Amino acid sequence: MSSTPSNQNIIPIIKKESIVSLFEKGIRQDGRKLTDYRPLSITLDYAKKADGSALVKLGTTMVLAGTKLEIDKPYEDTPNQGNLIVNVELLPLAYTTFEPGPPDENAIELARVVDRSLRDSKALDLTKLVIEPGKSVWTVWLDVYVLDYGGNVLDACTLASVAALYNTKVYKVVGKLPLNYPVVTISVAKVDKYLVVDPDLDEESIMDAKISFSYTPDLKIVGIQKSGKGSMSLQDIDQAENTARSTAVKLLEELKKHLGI
Amino acid sequence: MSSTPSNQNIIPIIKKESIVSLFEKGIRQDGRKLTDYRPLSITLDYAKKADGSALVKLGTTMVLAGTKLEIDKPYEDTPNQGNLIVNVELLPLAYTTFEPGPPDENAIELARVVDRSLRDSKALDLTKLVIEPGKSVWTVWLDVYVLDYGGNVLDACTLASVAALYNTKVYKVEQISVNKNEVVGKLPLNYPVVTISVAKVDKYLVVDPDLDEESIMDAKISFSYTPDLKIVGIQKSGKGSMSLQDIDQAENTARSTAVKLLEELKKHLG
Amino acid sequence: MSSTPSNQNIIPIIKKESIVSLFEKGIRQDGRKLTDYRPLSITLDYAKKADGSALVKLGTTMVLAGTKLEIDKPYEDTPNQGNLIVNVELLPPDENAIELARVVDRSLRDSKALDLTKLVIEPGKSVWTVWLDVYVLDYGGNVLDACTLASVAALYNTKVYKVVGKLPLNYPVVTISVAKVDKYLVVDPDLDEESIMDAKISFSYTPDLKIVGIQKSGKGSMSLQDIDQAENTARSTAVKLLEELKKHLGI
Amino acid sequence: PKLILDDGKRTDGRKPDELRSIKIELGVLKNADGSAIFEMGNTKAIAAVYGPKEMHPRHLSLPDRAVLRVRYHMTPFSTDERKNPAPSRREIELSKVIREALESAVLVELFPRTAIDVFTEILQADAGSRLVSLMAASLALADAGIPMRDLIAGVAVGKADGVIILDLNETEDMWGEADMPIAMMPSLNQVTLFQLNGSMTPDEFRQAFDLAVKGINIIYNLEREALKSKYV
Amino acid sequence: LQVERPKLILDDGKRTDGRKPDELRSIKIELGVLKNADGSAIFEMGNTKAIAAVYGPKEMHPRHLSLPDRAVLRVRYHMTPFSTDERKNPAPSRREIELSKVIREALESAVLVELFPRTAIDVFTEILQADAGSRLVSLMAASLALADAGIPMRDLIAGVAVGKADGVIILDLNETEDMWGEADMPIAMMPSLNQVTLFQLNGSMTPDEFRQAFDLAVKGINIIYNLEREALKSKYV
Amino acid sequence: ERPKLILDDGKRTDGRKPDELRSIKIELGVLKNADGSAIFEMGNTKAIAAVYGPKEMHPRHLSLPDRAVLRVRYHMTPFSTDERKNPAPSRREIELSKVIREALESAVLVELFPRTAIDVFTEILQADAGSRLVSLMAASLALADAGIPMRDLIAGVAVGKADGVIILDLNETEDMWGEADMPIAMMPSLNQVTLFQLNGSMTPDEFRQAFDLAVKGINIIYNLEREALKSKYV
Amino acid sequence: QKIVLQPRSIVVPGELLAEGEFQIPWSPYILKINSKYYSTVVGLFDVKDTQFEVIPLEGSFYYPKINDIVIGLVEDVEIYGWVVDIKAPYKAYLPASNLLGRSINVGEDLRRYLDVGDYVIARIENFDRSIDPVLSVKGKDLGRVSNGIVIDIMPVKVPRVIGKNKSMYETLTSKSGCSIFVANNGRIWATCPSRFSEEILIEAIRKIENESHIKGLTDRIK
Amino acid sequence: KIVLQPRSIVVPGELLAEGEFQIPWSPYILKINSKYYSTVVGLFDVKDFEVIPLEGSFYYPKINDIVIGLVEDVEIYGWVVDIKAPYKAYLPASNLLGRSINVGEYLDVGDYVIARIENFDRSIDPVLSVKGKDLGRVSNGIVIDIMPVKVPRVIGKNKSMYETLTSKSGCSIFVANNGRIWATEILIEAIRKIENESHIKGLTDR
């Protein structure tokens, strides 16, 4: 069943003993500060057969998200909304140890966390996707494909997700999606006694835990997810959201610049 | 998974040798020449609860295919046509390393190769198969069950597939729902289709390869023919490769055999 | 595929021989007779969001069953009756779960204990579907009997809606399992008894003491006489079991 | 439907104590340590055995006896309506019931840490499949020379219009009152498979019990001789 | 969500089930209910009910799935088909696969797994009645079952879901609140060590509302933690 | 309705002559956590391959005593087609993964790494007929980009038949509405055919004509492959 | 009590052989419950002196008895030896040190002495209940096989192919075309010259399998 | 007998020379009958012909080589070591000590080790020995991973580069056959520049 992962990513001791000495002076191994996000690239309309797509390079993490729209029935559960279906996959190509087949647990979590931060944020207004009430409705299939696991894949997933939705052109061409505003997810990792923003692969293999905070432009908290074997203090969570929110200002702006605002 | 098969049963490093010198002299170990098929047999209506069926015994390969017709919706992807669904299963029963469950890879390949050769030859049409357009249609389920893996299973699958479709008795739609007592008539069949597999073993081309020959071959190529000797499907199989001339000549040897095969098939069904 | 169970947990050869000596005086380790059932308990309306539920404690076997009613369409095969679907789950579907579900369903369905024809709202159109989910929370041996006691109890506890009232239930059904251990027949075998037994056979009875379901289980075999006698012991016990069940159901 | 016509004969012209026609054929598959085909009127089954071999995962094996791996599977064209080839709830049940039947006959103690595989396909179904499947299995194991206490012979005894009957046909299974599959090791008089589906009185139970045993002994002779057409 | 109501905080500062914004639902705990289980517990929060079973440290079935220095936790979260209002398919959903992971990781920091290398500790939970807070009720039942199994742990795990209904910060959400409210923030922790074990938010809150709800959960957790310690205590000597 | 595939001058729907290839784009080393990687474009068909170089097999009884095990996968993203495709591996994807593996089985020198596994994974980001070949070629280049010894690069084209007209490198319109579709792949320097399939219908003579047209289309792609790997910095 | 019910009959599983007590040793082919004796296999009931037994007419698997001489097939080359198929329920293992006569040196087996696919003649040096069969290639004419053809048979007809007082040995070792080494394994190793009047002798070892029950056989062979 | 190229860039399948040469066995050259082909993206050369691989991120073990490995697992009888190979290496506990184990649970999961491949062939995984000079547990600096192909390139060419990397920054960087150098500021960088600019000569610089 849901088991402790078996194998595993063995980070060297000396590459962990020295990573902490770098933190002591407020700098990380790639050169960036404890609060710095990795370099962000967004290529809209990469997948040409998708209704809307984004290829996000965040550090060495590469994520591709594509949208596919269809006309379906609204469920027995409110017939005054469209549909949003998020499918995240870690391909046997992204990381050495990864295997083929159905979504895995991390894959399902990534999908579910991105789904919630899109749906509950009212980032995408589903009520406007109704063609005729209780009858025909737009179904938004969002498929997120992680192509290179370089750490902090949740944040890269959200960036590609929002970007793909903004790049989506609806047909029968009519217009873009009924999107209210962009949403960003900021992950803060508790490494030793340090809080670190946008952790990479090595940092993810040495961290106690990580917590992810999702923000709308009004700097309103719209999603929280804690991950990892380890635990955090109340003061760690309190401070992690402070660190997360200050970064959300910067991140929403570089996101807009890339999304053509 | 799609991995290199981790089972060979290990063919003896010396068995391969004896089959290679029995060659050259241009003969095999079951006494046939390099262009001969194994003894064939087809039993129509073997499985009495199928709409149509055939038990094919090709050498020591044994295959059984049955048909089952049902009235369904078509797709709104083109809807003046009926359906063909092919399911081949290499049964745990047929060989020691076979295990039960979902169709395997070889199973799926055999099913798809047979499906293409029936659908693209237009041998089964269709024709037809509409009872009323965009509303109701015949769905043909063809289930091909390999009972004994004796080598060259693809060709045996095709013979049983075609023979079973020819054995199919259709029934009356009467408003709506089917019946039984009123057997309407046969399937919309334009013509029979045969598949001939030629295996490259060492430096020789070998028609209808058996199990021992399949275990030592570099690769095999399968040619599908209609009665007008028109090529209607090709599939290459195996770890190894063939030269352009190997394929060129493989198709010549396959076509000469297609004439012999189509007439033995016809005797078995009219 | 369907393989001989690999995880065995091993039975001490000295333990079995002490259990056999207690049989030799017609008593068991828990103190009961060779024909006695274990202490039974039935708590109706345990799972509150079920249409009807029953928490059954039989010895150290615990079984919970809940019902859920929906309006579906009757199948092509006879549209003049409702639906019963039984799903059993061992909670530590496996093979035993599927078997248990299938044996519970047959003895409920064939006994005509729950009349399906009366579940029709309008013929060939809308019909009542009864979902029966049985959840074995503690495998203490003789789970089949505890599954049937839970199922019937939950059906009798079920309230239908537009609240209207109970299901079209004709009568209760019990199942009695008789294990052949060494050279003895044992009623309501517990965990240790199931681990040392050759085989068990289960008999389902309606209030006639009429046989309405039989199932044999286990690696080993029984003689013809063993079966003949096992049903005779099973039937005598059915009288005792039906009346304790009715007391629990409020008749 | 009327099942026992007013004259004392069945829908297919049989007396209440008569068996359907039977055909048994040994060694039909070449790549199979043992095989057999079993016909019981309109029910057709084929079994294959792959002799004691090594277990694939080590921990799924037993330190002191062989593991039996039995399969019951119905072809998609063996029924009147197309049957889904993916194993149904019925097939999973019957695979276990047939395995447990054979667990008491196959001398598993002789091959510890190994696996014996027995696979059966139903090419035609018409009630009795589970017994035909089991009898095909038994004979296939013998066609492989795997030591066994005794062959397993079996019939489904039953009840139609109050009339206790031997070897049910399809009409009898789906419209009769009771259906009682019984299989046993006839020479050791040990019952190997026993199920009831429907309804019977304690007296009717014991009457049909006796009818099955004599129906069993007839099929048992047909099994022994079928394996004896070696040449004797 | 409809777009203006139904009423969540009523007409005097009282909720749809009669609670003040800072009141817990009724709690019922019962230990060692299953006899063929190394540890077991039933947990009830208002209308939410869960039962957990533990199978003490044991050998792993396939070798390579085990860890050389610590125990493997095998945790399952499942809802019975009759625990919801509409019959729920008993095949594991995407919701159940996610929660099983989230509950496992919660327990990963409490259970002293370094004590039993190369072993497996199994923890199975069933939701018998669902009315919001199930993931937390399930996790607490797991914690209590583990204690009922005598498996060493750093501390028990107590948890509550704080939230927001009509701009009002509320403690321990019911089904109506989870469905029609603005926020749902499950928090669980090890109260004696002041270490957060599980932390999720679904919906929307302001940075300040976050910290006020954060405070309300901590005092709600301290009450639940007291009830847990004393539930295990009865065995009075 | 079936469109006219061949005008009316001997040109195609897209504008090509019967013997012209679509535009080819190749890019090496696009992924960072992968021993080898490549992107291959054939007109509108786009594919990405990653290789994970020789490594230890997870279960011992799935490895081979004398050679490496190839693990090859063909998979289409849900947004590669016009109608969304279910990401679960279809029957088409299971067939092509086997056919692509076996094509690589005669090129990859597996005898050099007994008891190991070589993993190759391909993703189709855009489909427009030829996907299985574009997949296979991306795979071939990725293995080279990883330094795993191979007999020869694999180049491939789908040769076919449209309006009685034998054509080279079919587009989507041509695969869907034409008479024949024949994907051929080979190791061009060793003159050994590695993948050979036909879907549709052809006369024995049209078979040998297309055969020849494929070989010269292959040799063109072969040089585009060679030079793409050869853009050293010389 | 002591009655035998059969003369020299073809016997099936579950068939009654005898009543009461005899002094027979344990056999896999005969099961005794209390006082009745039954056949467990489809075989041949034979009575000799006070004793009786069942020669099995079927059996494609080989069952190991210590110090038997089998011809096996190298499936896997281990670090400290070879894994070998000997038609048993269990795969055999030939130690490397047994073959070399010494421990393996630092950089030896590519395969060299035996490879995946090589035939081997070896004796079962050690076997039982707790272990899988261990082999030895030490005796005369043991070790790797380097030509001829290997003929597989049902291991249960091995005694019949050699015949009574090793006589079906030399009636087949001398119309041909030997040495025909009938291994206890159900595998014989033939070494005919021979091109290509041939040792389709192979069909004669087939005719033995078809009629082991028919007598006297050793003369019907011609 | 004829050779086709001086020393150009060579691709897999590219014809090198034809006929009767001999010519020992290389994994980078395949010869069927008379024709010789390159099997890798490499560099053609001759002397007394050969292909020097320009690509290859794995290390192929040769007996006697000195590698820097990473301990992945600790067994009851020894240690499992990663050495960038298709095969995992094994360091016997006996070799590390003085020849036996009082059964006790010593370096752990993630410790870098310098060792020599004592034994290796086609039927075994590489066996390591920690006996010789400077061989042991690495406890400091950093391990820079590079393509096992560029090992000889990081040095020269008459030991030239080795003195140039050292006469600008830090100290005794050890170039193991493994494609891994143990350093003792940052250099990742220039060994990432000679790492990627390797194709272009004459070497260097700065």
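- Method information in the entry identifies X-ray crystallography as the source of the structure, with 2.410 Å recorded as the resolution.

### Describing the interface of chain A and chain E
Argument step 1. In this complex, chain A contributes 41 residues to the contact, which on the side of chain E involves 45 residues.
Argument step 2. For the side of chain A that touches chain E, the residue count by class is 14 nonpolar, 15 polar and twelve charged.
Argument step 3. As paired elements, strand β1 (residues 2–3) of chain A and strand β4 (residues 72–79) of chain E share two bridges and run antiparallel to each other. Note on β4(E): the bridge partner recorded for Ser2(A) is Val75(E).

### Some words on helix α1 (residues 91–104) of chain F
Argument step 1. If you check α1(F), its first and last C-alpha atoms are 20 Å apart, about what 14 residues at 1.5 Å a residue would give, namely 20 Å.
Argument step 2. Judged by how many residues are buried, α1(F) sits mostly within the fold: eleven of 14 residues are covered.
Argument step 3. Looking at the packing, one finds that the buried side of α1(F) touches α2 (106–119) and β10 (231–237) of chain B together with β4 (69–76), α2 (131–144) and β9 (192–202) of chain F.
Argument step 4. Between a side-chain oxygen at the N-terminus of α1(F) and the backbone nitrogen of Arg92(F) the separation is 3.4 Å; the capping residue is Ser90(F).

### Regarding the pairing of strand β7 (residues 126–138) of chain C
Residues and elements named next belong to chain C.
Argument step 1. For β7, a buried count of 13 out of 13 residues is recorded, marking the element as mostly surrounded by other parts of the structure.
Argument step 2. Inspection of the sheet shows strand β4 (residues 61–72) paired to β7 by eleven bridges, in the antiparallel sense. Residue pairing in the sheet places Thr67 in a bridge with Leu132 of β7.
Argument step 3. Across eight bridges, strand β5 (residues 83–90) lies against β7 in parallel orientation. For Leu84, the partnering residue across the bridge sits in β7 and is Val130.

### A closer look at unusual backbone geometry
Argument step 1. Along the chain, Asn7(A) connects to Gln8(A) via a cis peptide bond; the corresponding omega equals -15°.
Argument step 2. Its place among the elements puts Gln8(A) in the loop between β1 and α1 (14–23).
Argument step 3. The omega torsion of the bond from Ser176(G) to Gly177(G) falls at 15°, within 30 degrees of zero and hence cis.
Argument step 4. Considering the arrangement of structural elements, one finds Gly177(G) in the loop between α3 (167–170) and β14 (181–183).
Argument step 5. In the Ramachandran plot, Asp49(G) falls in the positive-phi region, its phi being about 40° despite a non-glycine side chain.

### Some details on the nonpolar core
Argument step 1. Core analysis: the biggest nonpolar cluster contains 170 residues, and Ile196(B), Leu104(F) and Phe196(F) have the highest contact counts within it.
Argument step 2. Here this core gets eleven residues from one element, more than from any other, and that element is helix α3 (residues 153–167) of chain B.
Argument step 3. Shared between two domains, this core takes at least three residues from each, and those domains are domain 1 (1–52) and domain 2 (53–140) of chain H.
Argument step 4. Ignoring anything within four residues of it in the chain, the contact list for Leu104(F) reads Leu70(F), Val72(F), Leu136(F), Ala139(F), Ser140(F), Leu143(F) and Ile154(F).

### A few points about the packing of α2(B) against α3(B)
The packing of two helices is summarised by the inter-axis angle and the distance between the axes.
Residues and elements named next belong to chain B.
Argument step 1. Relative orientation of the contacting elements α2 and α3 amounts to 50°, with a least axis distance of 10 Å. For the element pair α2 / α3, the angle class is oblique. In the packing of α2 onto α3, the handedness of the crossing is right-handed. Counted together, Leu110, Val113, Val114 and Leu118 of α2 and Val153, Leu154, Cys157, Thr158, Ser161, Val162 and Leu165 of α3 form the full contact between these two elements.
Argument step 2. When its residues are assigned to classes, the contact of α2 with α3 shows nine nonpolar, two polar and no charged.

Parameters and conventions
Residues numbered from 1 in each chain as written, not as in the entry; some residues may be left out. Chains lettered and ligands numbered in written order. Part of a larger assembly, values for the part shown. Heavy atoms only, no water. Residues with missing side-chain atoms left out of burial classes, pairs and counts. Contact = heavy atoms within 4.5 Å. Nonpolar A, V, L, I, M, F, W, Y, C, P; charged D, E, K, R; others polar. Pairing = 2+ DSSP bridges. Helix = DSSP H or I, 4+ residues; strand = E, 2+ residues; numbered from the N terminus. Expected span 1.5 Å × (residues − 1). Buried < 20%, exposed > 50% of the residue type's maximum accessible area, 1.4 Å probe, protein only. Polar contact = N/O pair within 3.5 Å; in protein donor to acceptor, adjacent residues only side chain to side chain. Core = buried A, V, L, I, M, F, W, Y, C linked by side-chain atoms within 4.5 Å. Domains from an automatic or database assignment. Axes fitted to C-alpha atoms, helices over the stretch in contact; angles between N-to-C directions. Parallel < 35°, antiparallel > 145°, perpendicular 65-115°, else oblique. Left-handed = near helix turned anticlockwise from the far one by under 90°.

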